[PDB]
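Trainee: below is the structure, and that's it, no one-letter string:
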């Protein structure tokens, strides 16, 4: 859970400041057989520990789906581009 | 058969000591200790994948015949 916290904090704290190499996060649901590209929601990560769980640690996360993981990135798309593109 | 050779504990071979003194004329002492052990379940699989321990719920009851004093 500490490593999860540190990973989320590396993705979130230096997201608006500095620079992060990745543009998005890949979320894999092997159990549901579904895949999506996700970004941290506005609600964001929420960790809590409670009386009747003295040894455990509970996490609550919300995400927003950028799109299907099978499709390619907007910036990595190639148009038809038949013939010369540059008017010399 | 004999005390010096039996394999089992009995009411006659045990003494209950409280604050350094033997309890007189008790009838039974019984102790329950429960860890609140609970299994951790999971979506997609019906069975739990480990147990964990919650609260040390520990108790002893003493039942005794009333000594005339003390």
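Mentor: Nice, I can see it. Numbers count the residues shown, from 1 in each chain, chains lettered A, B, ... in the order given.
Trainee: helix, strand, or coil at whichever residue of chain A sits closest to chain B?
Mentor: Of all residues in chain A, the one sitting closest to chain B is residue A:31 (4.0 Å; CB to the nearest CB). From N, CA and C alone the C-beta is placed, and that goes for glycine too. At residue A:31, secondary structure determined by DSSP: H, G, I helix; E, B strand; the rest coil is coil.
Trainee: tell me the contacts of it?
Mentor: B:43, B:44 (CB atoms under 8 Å, 6 or more residues apart in numbering or on different chains).
Trainee: against residue A:20, how distant is it?
Mentor: Noted for residue A:31: a distance of 28 Å to residue A:20, by CB to CB, to the nearest Å.
Trainee: cool, and residue B:56?
Mentor: 45 Å.
Trainee: of those two, which one has the most company?
Mentor: For residue B:56 versus residue A:20, neighbours defined as other CB atoms under 10 Å in any protein chain shown are more numerous around residue A:20 (13 against 10).
Trainee: give the closest residue to the most centrally placed residue in chain A in space, chain neighbours not counted.
Mentor: Among the residues of chain A, the one closest to the centroid is residue A:25, at 2.5 Å (CA atoms, centre = their mean). Computed as CB to CB, 6 or more residues apart in numbering or on different chains, the closest residue to residue A:25 that is not its neighbour in sequence is residue A:38, at 5.1 Å.
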